[PDB]
Structures are given as C-alpha cells and as structure tokens.
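Q: Fold the following and give me the result.
(7 chains, ligands or ions: 48)
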Amino acid sequence: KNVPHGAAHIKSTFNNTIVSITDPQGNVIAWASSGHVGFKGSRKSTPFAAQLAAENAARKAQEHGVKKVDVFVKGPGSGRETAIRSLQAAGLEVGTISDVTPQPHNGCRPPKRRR
Amino acid sequence: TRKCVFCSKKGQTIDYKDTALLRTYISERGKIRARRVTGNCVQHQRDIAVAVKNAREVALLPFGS
Amino acid sequence: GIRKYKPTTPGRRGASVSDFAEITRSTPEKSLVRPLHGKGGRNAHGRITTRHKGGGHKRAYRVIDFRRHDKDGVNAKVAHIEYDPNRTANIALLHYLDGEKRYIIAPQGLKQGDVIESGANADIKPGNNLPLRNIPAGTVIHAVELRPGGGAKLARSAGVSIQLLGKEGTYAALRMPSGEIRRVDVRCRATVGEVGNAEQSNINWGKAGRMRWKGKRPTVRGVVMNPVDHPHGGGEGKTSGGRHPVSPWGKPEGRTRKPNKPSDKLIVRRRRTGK
Amino acid sequence: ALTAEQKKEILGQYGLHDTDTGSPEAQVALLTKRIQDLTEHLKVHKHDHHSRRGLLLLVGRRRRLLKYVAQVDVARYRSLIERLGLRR
Amino acid sequence: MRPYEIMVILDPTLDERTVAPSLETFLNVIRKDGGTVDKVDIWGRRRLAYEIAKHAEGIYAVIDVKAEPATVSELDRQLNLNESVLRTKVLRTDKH
Amino acid sequence: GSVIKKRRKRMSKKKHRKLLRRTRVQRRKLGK
RNA sequence: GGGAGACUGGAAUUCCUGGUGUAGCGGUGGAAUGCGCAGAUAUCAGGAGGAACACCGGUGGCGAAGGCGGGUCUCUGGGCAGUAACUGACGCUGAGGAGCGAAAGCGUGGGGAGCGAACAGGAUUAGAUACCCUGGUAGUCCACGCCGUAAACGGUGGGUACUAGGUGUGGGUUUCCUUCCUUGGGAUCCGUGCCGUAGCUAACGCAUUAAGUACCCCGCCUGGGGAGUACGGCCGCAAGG
Ligand SMILES: [Mg+2]
Ligand SMILES: [Mg+2]
Ligand SMILES: [Mg+2]
Ligand SMILES: [Mg+2]
Ligand SMILES: [Mg+2]
Ligand SMILES: [Mg+2]
Ligand SMILES: [Mg+2]
Ligand SMILES: [Mg+2]
Ligand SMILES: [Mg+2]
Ligand SMILES: [Mg+2]
Ligand SMILES: [Mg+2]
Ligand SMILES: [Mg+2]
Ligand SMILES: [Mg+2]
Ligand SMILES: [Mg+2]
Ligand SMILES: [Mg+2]
Ligand SMILES: [Mg+2]
Ligand SMILES: [Mg+2]
Ligand SMILES: [Mg+2]
Ligand SMILES: [Mg+2]
Ligand SMILES: [Mg+2]
Ligand SMILES: [Mg+2]
Ligand SMILES: [Mg+2]
Ligand SMILES: [Mg+2]
Ligand SMILES: [Mg+2]
Ligand SMILES: [Mg+2]
Ligand SMILES: [Mg+2]
Ligand SMILES: [Mg+2]
Ligand SMILES: [Mg+2]
Ligand SMILES: [Mg+2]
Ligand SMILES: [Mg+2]
Ligand SMILES: [Mg+2]
Ligand SMILES: [Mg+2]
Ligand SMILES: [Mg+2]
Ligand SMILES: [Mg+2]
Ligand SMILES: [Mg+2]
Ligand SMILES: [Mg+2]
Ligand SMILES: [Mg+2]
Ligand SMILES: [Mg+2]
Ligand SMILES: [Mg+2]
Ligand SMILES: [Mg+2]
Ligand SMILES: [Mg+2]
Ligand SMILES: [Mg+2]
Ligand SMILES: [Mg+2]
Ligand SMILES: [Mg+2]
Ligand SMILES: [Mg+2]
Ligand SMILES: [Mg+2]
Ligand SMILES: [Mg+2]
Ligand SMILES: [Zn+2]
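A: Residues are numbered from 1 along each chain as shown, chains lettered A, B, ... in the order given. Ligands and ions are numbered 1, 2, ... in the order given. Sure, structure below:
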C-alpha cells in the first residue's frame, strides 16, 4: 500500500503508552507499544519506552511510505513531548497538534479513593 | 473591576439570536468565561448563560469544538 | 392487573388471579371457532408417551393467522381483545377494510380503536408486519419466521421479545429470548412490538384443583419407587438412590443435542446459564 | 392565584360597602375561594408538600379570623356560616 | 392569550419556495380556533454547528403567535409528528 | 470537648447491640 | 437551584453489529491471579440501554428545618419596597395533640450502564477474618406503603425596644455634582460575611445577625459509673423507637 497523508494516534496512561498510525479515513497501517518494544512491569511507564515505541511506529510507517501525519494525543501526560520529539527526529513532519481528551459531563461514578 | 456594559440604558437586548454577541462571551474552547473576567452583573451574567446554552441546545454554537 | 385473594380458607391462602382489565368480549366469532378434543397424552399406539399429563377441561380452538402475506397494503382496525385458553397471551380481532375478519396475537400496549398497517412498506407502529429487509436495525420484534413463507414460529409466549441487530449480506442476527444469536434469511417476515400480558409470572395458584383443571397430574418421586420400576428405587428407609441421578430409562444427564446437525456447522453460539 | 377581575367581583359582592377590603367578611371570602381553588389543584397534584403547608397556613388564618368574628358578634357569624355553606 | 415565539428547522432537501405554504397550512389550525395573530419571517441555508440526523445544512424560520396554551401544544405535537422537521422550540416573549 | 466520653458511650452501645443480636433467638422463643 | 407533572438536549462508560490490524492488554512502591492468538488493545461507522447534568458555579440565591441547580411548556407556595384606600388590639408564647422529616432498612411489582456491604481468589506479614489488586449479590433508580431515627451543630429556643464605627456583597426606592453615560456622591428598608470600643465571660471569645443592659412564654440540669439499661405501657410485619 501507499498513502501520502496519514494520522498519528497517541495515548499515554499512568503505566503504559501505545501509538498507532492511521489513514485519514480511520484505517490503521501499523502500530507499536512498549510491550512490543520489550519492557515489562513498571519500566513500561518511563518516557524512554514511549520514545522507542514512537520511533518503531514511525519507521514501520515510512516503510509503507507515509510522508505527513497529524498527531492526535490524549490521556494523562507521561511522555507527550518526548514522543512528539521522537516522531520529529524519526524523519516525519506534523501538520497540526490536536489534544482530544475524553472529558465526561458528570456521568457515571468514579471509583472510590485510595488509602 | 471593569464595567458592566448592560446596566446602561443603551445596552443591547440579550437573546439566543445574536450569534456574534453570544460568541464574544465564550472562550475559543467553547466554554463560558467567569463573571470575574467578564465584569458584568449577576442578572446579566445569568441571562447570558441561559441564552448561550439555549443556543447551544438549538445548535447554533458548538459543544466545545 | 393482579388481584390477590384475602385468606378465608386454608386452601385459598396466598392465591392470586389475573384481573382481566384488558378484555372486552367473551364470545368468539362463530365463523372462526373450530372443534378440538382432549388427546389424553396417548398416541396412535395407545401407550403413554409422556407421563403425568391428562385430564382437564373441554377446550375449543380458535384459528390464528401466522402468514400475513395474502393481504398486503390494506389497512385494518382493531375491534376487540378476547380471552384465549390454548395459548398464554391474549388475542385480538381485526376488521380489514375489504371486510374479512381475522385473528392475531395481541401485542403489548395495543388497545381498541387503533389502525394496524400490514404493508411491506408500512410504518413502525407496533403490530405491523413487514419483511426484515425493510425493518431498521435495533428494533424489537416477535413472531419471527424461521425461513421465508414458513409461518410465525418463534417468540410467541407471554413476556417474550427478540432484538434485531445489524445486517450483512443476506443474513440478519437476532438475539433469542435466552441469549443465543441466530442468523436468518432476510426474505422472511416478522412483527414489531412485544406480546402483551406480561404479568403471568406473578400468578400464584395455591390449590391442587387449579392445576388439575389445567391438566397436570401427580409427579411421584424417584426414591420412593420400587427398585424394579425405577433405577433409584429400593432401600430400607429413604435414600438418595445410591447412584448418580439418572432419567428413569437409564440414560444420564448431559449432552442432548445431536451433533453434526445441518445447523451445527452454521449457527454461532450456545446458551449460557446464570452468568 | 386570584386575579384582579375575580378579586374585585368577590369584594364587591361580599363587602359591607363599596370601599372596604380588609373587612373580616371579605377576608374570609377570599381565603375560602383560594382554599377551594388550591385544593382542586392538589386533587390532581399529589406530592406538593409545600402547597400542603400553604393549605395549613390558610386554614389556620381562616379559623382564627372566624374565631374573632364569633367573639365580636354572633349574628354576623351565623349569617356568614349560612351564606358560605361551611360547618365551622 | 399570551405571546409565543417558535423556531423550526427544516431539512435542506426541501425547496425554498414550498416551505411557506406548508407553514400557512400548519398555522391554519391556530388561526381558525382562537382568532390569533401571527407574523412569519424566514432566513435559512446556513451550516450547522454539529451533525444532526445525518444532515449538515438546514432552514431557520421564526414565528410569532398569540394563542392559547392548548393551541400551541397542538401545533407543537402536529409539527413534531411530521417527518420533514428537525427541531422545534417554543417560549414566551414576556417576562415569564 | 473531649472524645473519651463519646468513645465510652459508643463501646457500651456496641456491647448492648451485640448482646441483643446474639440472644435474638432465645428472646423470640421465650416471648412467643 | 421554592415545589409538582409532561416533553426533550449533548458528552461520557458499558455492550453489540461491521471494516483496518498485528501480539499483547490491565495492573502496584515492586509483582501475581485476569482477558487474548477461535483474533484482544487501538482505530472509524452504526445501534441499544441506564444514571448524572462539567465550563456559568462563589464562603453567592431560595426554603420553617431536612434540602434545592441540562432546556421548553402547564399549575402552584413564600418574601421584599412604595402609596398608604380598609378592618380597628384581631399580638406573643404554647403542656398534651397533629404534620414535615438526611442516609441506611422492610413489603409488593418493575428496571438494572457505572459504583459496590456480604463472598471468592491474588499479594504483604510470624499470624491478615484488613489497608493494596482482579471479580461481584443486595443496594444505589421508579410506583404504592412502611420505621421517624444522625456531630438533624451556629454544639447558641420564640417575640419585642435600646446601645461608637469601619470595610465587601444581594435586592428596592430616593436626591444632587451632572457627562447626567457613571462601585461620582448623599439618604432610606430588608439579607448575608470580616475587623473592632463601652459591656460580659473562669479563659478561648461574643460584640447592632450579641454569649450586653431589659420584659413575656416553653424545654432542660443538680457528682462519675450502674444506664438511656431492667419492669410496666404505647407504636411497628421486622429491625427496633
Ligand atoms: Mg504507577
Ligand atoms: Mg483504580
Ligand atoms: Mg433577567
Ligand atoms: Mg374439533
Ligand atoms: Mg401392535
Ligand atoms: Mg411433567
Ligand atoms: Mg375423564
Ligand atoms: Mg394464555
Ligand atoms: Mg389451594
Ligand atoms: Mg416425585
Ligand atoms: Mg412406595
Ligand atoms: Mg414402598
Ligand atoms: Mg411391572
Ligand atoms: Mg434395575
Ligand atoms: Mg439400590
Ligand atoms: Mg427403598
Ligand atoms: Mg438409614
Ligand atoms: Mg438420598
Ligand atoms: Mg446422576
Ligand atoms: Mg465494660
Ligand atoms: Mg416526579
Ligand atoms: Mg471488531
Ligand atoms: Mg474498539
Ligand atoms: Mg409566583
Ligand atoms: Mg387611614
Ligand atoms: Mg411540645
Ligand atoms: Mg408523613
Ligand atoms: Mg433510601
Ligand atoms: Mg435484609
Ligand atoms: Mg426495597
Ligand atoms: Mg425486587
Ligand atoms: Mg447491562
Ligand atoms: Mg481473601
Ligand atoms: Mg465491582
Ligand atoms: Mg438522637
Ligand atoms: Mg446538615
Ligand atoms: Mg433570645
Ligand atoms: Mg447588614
Ligand atoms: Mg475591652
Ligand atoms: Mg480573663
Ligand atoms: Mg468581633
Ligand atoms: Mg446575633
Ligand atoms: Mg455564658
Ligand atoms: Mg447517681
Ligand atoms: Mg448510661
Ligand atoms: Mg432502650
Ligand atoms: Mg419491655
Ligand atoms: Zn448590569
């Protein structure tokens, strides 16, 4: 396959980070994660794992021939800037940066507090 | 504290029709600024809030696009 | 509605009966009733095929319409809602604009003085019948046909309903009342709504007669049986049978569905109990 | 709530003269009309407990005014009872 | 006998010229019942903020009516029962 | 002002509740 | 945001259907039970259902006290200011009595997305019947009846008249620099915060919204435990009060 324009999806939780490259229509081309990179347990949350995942995803996308991507980011901030910088250094260029974090409108009920 | 433009007798009426008037009182995130920043009185602030949220319901303003 | 009996005799304490607030008449059309005789639980050979079933009350049968293809694109008005013993749910009488009279199962929420459209492009008012191809996804239906022109053969007892999921190719996926998922050819027809009279569960009988009149006879337990008549029988006193529980023909519990059935290699998943 | 037209006609019909508004007769007439209307409201609306509190306050006021009328005079009290069709 | 204001959104597939007779035949019921007065203004063909009923454009019409609560509720139910309407809002122009 | 008195009352109430819970069956049999 | 009834609005979680897609996903201070290679997570489209309404929104408003905020429509209670036309002491309090009364709990019948007593496992500890993690039945919701209890606290009963100021804030009338736009300034009535004299208090502190100087009425206390327990009685299907 070949696609000139694509989209990049990044989410970073408190203990994991997964990144996938998708077509503008929503279909996915390739994805990478810390687990695939080879980190287990609490080591998965470090920004270095996010950098490796982003680099692997960017390389796999360039293999299919993606030139420009748009980054959609979400979740609590763990490796946001590091992942973006790694994607930049991987050889790709980003058009726009959009932050779309799910914000409930006082629905459901959060789990009780921790002690 | 800046001055309430609506206590004047020359102030324009408030309703869910004036798209620009309603837009000037909402942040570009699509939310409503606080009375502290706005500088209007309580009655006018509530009227503006009700009007903007009614317009949002009747689909003239985005839900925080 | 549900009516509860005030206790005045030992056998009547706690009994209940459904308050018929939905009935209008007690006289079926003479032109639509057909006779019926008590079969008695036997068969052509004279043996008992199923034990402890028999006796009862001389019932008359009402002819029901389960095709709804002969009349199409002609409206009808609901006339009356009537009692029907042969089946749990109530039935309704329809007057077609062309003049013919017909019976159908009474859907939930219907009432007198209403317009039912049976067209292939009819509206979504409950009670309409139309092929699945034209029905939007997500709606609730009942009286589904297994194959085109086969008659309504599913979801007919009271309180039941089937939910229609999306569509793909020439098949539609239907939630069975018991959690299964089954595919069916879209050419077949169905009806929108749910069957009425959902208050059957709460009925409490309280008196052996109210069962005998409906025609259920005593059960007799296994452990009391003699050893010759029943595998569990025998023993001095009372015992659990001294062997794993088993049907009284020797075959134990477990698998019952014949494998390699023509639907075995096409249907999706089985029931699950008490998840 | 009662409006100008019905209030005015009640005052005109029940007042001692054409200018009194605070007369006990007018007070009782207005109170009983209000109670009738609002009881009709609560006939359809069941769980308006604040309106029930309103009922209690109005009934207490009416009873107390009738007690004062009885204390001041008896013939007027009896005439008011028979004209309004109440019991006490 | 109170003042009301009604706004109705119509799907873009309809023609601009054909809407006005539809509104007239809709409001004839009010006109014949309570001896009401009304004024009709139309201005539409504007993009919507968010997708509605798989539509992106629409027609905005504002109506002023002086009728009874029962009559306005009748109008509202009749309109909402239609399939060519998207949304309807009714409110009092007075203090309350 | 302090908390010791409240704690003591709580302890007494807890003991009484536990006693009633444990003796429920005997109380019922004796009363009925 | 005083209450009730009806209609209706979008975000979010879960589930399901259908494409893209490869081996992980979730988790804690660190790890394991768990879900997947029969196709997970992620991602796009569509659908179903239940509960609650971010930004406005605050030491702000309303209600006698519990409490009250997505929009539109219908019915409805209370309060404040002014003119002062009317009644002409009709005012306050209230033993017993009646009504309302947070959350939990009980009966009958529905609904059940998320959360989650009881109960399973996983982990730490010498022992964990707990704090931590993965699951989850009552219940949380609705209609009709119940029980009537909380640190139901301003730990300060109700009414009335008097006693230096200052500074924010909500509501309504008035007059003058006067643009007459105006937190420009002044007067007046009601509500709600903070700092302060005379006075009171053992001290902490109260201080025109008194714990001050005064009058009317009701409830309550006379050392800590025993005990808000025993007996009797009333209420309640039961818990129990
Ligand atoms: Mg962590
Ligand atoms: Mg958690
Ligand atoms: Mg206003
Ligand atoms: Mg026969
Ligand atoms: Mg033979
Ligand atoms: Mg049997
Ligand atoms: Mg016989
Ligand atoms: Mg039946
Ligand atoms: Mg019996
Ligand atoms: Mg038996
Ligand atoms: Mg025997
Ligand atoms: Mg024997
Ligand atoms: Mg034999
Ligand atoms: Mg044998
Ligand atoms: Mg044996
Ligand atoms: Mg035996
Ligand atoms: Mg034995
Ligand atoms: Mg045995
Ligand atoms: Mg066995
Ligand atoms: Mg002790
Ligand atoms: Mg309600
Ligand atoms: Mg899928
Ligand atoms: Mg997904
Ligand atoms: Mg009012
Ligand atoms: Mg005078
Ligand atoms: Mg008392
Ligand atoms: Mg009560
Ligand atoms: Mg409760
Ligand atoms: Mg229980
Ligand atoms: Mg219950
Ligand atoms: Mg139940
Ligand atoms: Mg569910
Ligand atoms: Mg355990
Ligand atoms: Mg749980
Ligand atoms: Mg107490
Ligand atoms: Mg409180
Ligand atoms: Mg006092
Ligand atoms: Mg003040
Ligand atoms: Mg001093
Ligand atoms: Mg001192
Ligand atoms: Mg002070
Ligand atoms: Mg004070
Ligand atoms: Mg003191
Ligand atoms: Mg003593
Ligand atoms: Mg004690
Ligand atoms: Mg006691
Ligand atoms: Mg006793
Ligand atoms: Zn203003």
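Q: now the residue in chain B that ligand 16 sits nearest to, what's its secondary structure?
A: Closest approach between chain B and ligand 16, counting by CB to the ion: residue B:63, at 75.5 Å. To be clear about C-beta, it is placed using only N, CA and C from the backbone, and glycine gets the same treatment. The three-state assignment at residue B:63 reads coil, by DSSP: H, G, I helix; E, B strand; the rest coil.
Q: what's around it, how many residues?
A: 11 (other CB atoms under 10 Å in any protein chain shown).
Q: Now do the contacts for it.
A: The contact partners of residue B:63, by CB atoms under 8 Å, 6 or more residues apart in numbering or on different chains, come to B:30, B:56, E:49-50.
Q: Which ones, among the residues you listed, also lie beside ligand 15?
A: Among the contacts of residue B:63, proximity to ligand 15 is found for none (CB under 5 Å from the ion).
Q: I'd like those as TSV, with secondary structure and distance to ligand 10 appended.
A: Listed next are these as TSV, based on DSSP: H, G, I helix; E, B strand; the rest coil; distance: CB to the ion, whole Å:
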residue	secondary structure	distance to ligand 10
B:30	coil	70
B:56	helix	68
E:49	strand	70
E:50	strand	65
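Q: Give me the buried subset of those.
A: Neighbour-count burial (16 or more other CB atoms under 10 Å in any protein chain shown) applied to those gives B:56, E:49.
Q: Longest helix in the chain, please.
A: I'll assume chain A. Scanning chain A for the longest helix, with DSSP state H as the assignment, gives helix A:47-64.
Q: let's do chain D instead
A: Assigned via DSSP H, chain D shows its longest helix as helix D:49-72.
Q: Is residue A:29 in contact with residue A:21, as I believe?
A: Yes: contact criterion CB atoms under 8 Å: residue A:29 and residue A:21 qualify, at 5.1 Å.
Q: shared neighbours, those two?
A: Applying CB under 8 Å, 6+ apart, one finds that residue A:29 and residue A:21 are jointly contacted by A:6, A:60-61, A:66.
Q: domain parsing for chain C?
A: C:1-114, C:118-195, C:196-275 (CATH domains of a matching chain).
Q: hmm, stretch E:9-16 in reach of RNA strand G?
A: No: residues of stretch E:9-16 are not located near RNA strand G by CB under 7 Å from any atom of the strand, the shortest gap being 11.5 Å.
Q: so how far is that stretch off the chain centroid?
A: Distance of stretch E:9-16 from the chain centroid (CA atoms, centre = their mean, to the nearest Å) equals 13 Å.
Q: what do you get for stretch D:74-82?
A: For stretch D:74-82, the distance to the chain centre is 14 Å (CA atoms, centre = their mean).
Q: quick one: is that stretch near RNA strand G?
A: No: applying CB under 7 Å from any atom of the strand, one finds stretch D:74-82 separated from RNA strand G by no less than 10.7 Å.
Q: ok, and what's touching that stretch?
A: Here stretch D:74-82 makes contact (CB under 8 Å, 6+ apart) with D:25, D:28, D:66, D:69-70, D:87-88.
Q: List the buried residues for it?
A: For stretch D:74-82, by 16+ other CB under 10 Å, it's D:77, D:80-81.
Q: Now intersect those with the helices, please.
A: Going by DSSP H, the helices hold D:77, D:80-81 from the buried residues of stretch D:74-82.
Q: Point out the other helices and strands that whatever helix or strand comes next after the longest helix of chain A packs with.
A: Using DSSP states H and E, the helix or strand that directly follows helix A:47-64 along the chain is strand A:68-74. Counting contacts by 3 or more CB pairs under 8 Å, 6 or more residues apart in numbering or on different chains; DSSP states H and E, strand A:68-74 packs against strand A:5-12, helix A:80-89, strand A:93-99.
Q: 7 Å instead?
A: Packing contacts for strand A:68-74, counted by 3 or more CB pairs under 7 Å, 6 or more residues apart in numbering or on different chains; DSSP states H and E, involve strand A:5-12, strand A:93-99.
Q: and stretch C:81-91, does that touch RNA strand G?
A: No: using CB under 7 Å from any atom of the strand, stretch C:81-91 stays clear of RNA strand G, coming no nearer than 14.5 Å.
Q: do stretch B:7-17 as well
A: Yes: contact of stretch B:7-17 with RNA strand G (CB under 7 Å from any atom of the strand) involves B:7-10.
Q: in that stretch, what's buried?
A: B:14, B:16.
Q: and it, is it in reach of ligand 48?
A: Yes: interface with ligand 48: stretch B:7-17 contributes residue B:7 (CB under 5 Å from the ion).
Q: So what touches that stretch?
A: B:5, B:21, B:41, B:47-48, B:51, B:54-55, B:58 (CB atoms under 7 Å, 6 or more residues apart in numbering or on different chains).
Q: For chain C, which residue gets nearest to ligand 18?
A: Closest to ligand 18 within chain C is residue C:240: 2.3 Å, counting by CB to the ion.
Q: what's the burial count for that residue?
A: Residue C:240: 11 neighbours (other CB under 10 Å).
Q: residue contacts, it?
A: Neighbours of residue C:240 in contact, by CB under 7 Å, 6+ apart: residue C:223.
Q: Sort out which residues of the longest helix of chain D are buried, please.
A: So helix D:49-72, judged by 16+ other CB under 10 Å, has buried residues D:55, D:58, D:62, D:66, D:69.
Q: I would like the residues contacting that helix, please.
A: D:24, D:27-28, D:31-32, D:34-35, D:38, D:42, D:76-77, D:80.
Q: try stretch A:53-68
A: A:1-6, A:17, A:19-21, A:29-34, A:37, A:83, A:86-87, A:90-93, A:95.
Q: If we use 8 Å, what do you get?
A: Residues contacting stretch A:53-68 (CB under 8 Å, 6+ apart): A:1-6, A:8, A:10, A:17-21, A:29-34, A:36-37, A:69, A:83, A:86-87, A:89-95.
Q: When you filter these down to buried only, what's left?
A: Counted by 16+ other CB under 10 Å, these give A:3, A:6, A:8, A:10, A:17-21, A:29-34, A:37, A:69, A:83, A:86-87, A:90, A:92 as buried.
Q: Reduced to three states, what does the residue sitting furthest away from the middle of chain F come out as?
A: When distances are taken from the C-alpha mean of chain F, residue F:1 lies farthest, 25.1 Å away, according to CA atoms, centre = their mean. Under three-state DSSP, residue F:1 falls in the coil class.
Q: picking that back up, ok, the contacts of stretch D:74-82 vs residue E:41, which is closest?
A: Among these, residue D:28 lies closest to residue E:41 (CB to CB), at 52.2 Å.
Q: Wait, a helix at that closest one?
A: Yes: checked against three-state DSSP, residue D:28 lies within a helix.
Q: So what's the residue count around it?
A: 21.
Q: Repeat that for residue C:119.
A: If you count neighbours by other CB under 10 Å, residue C:119 ends up with 15.
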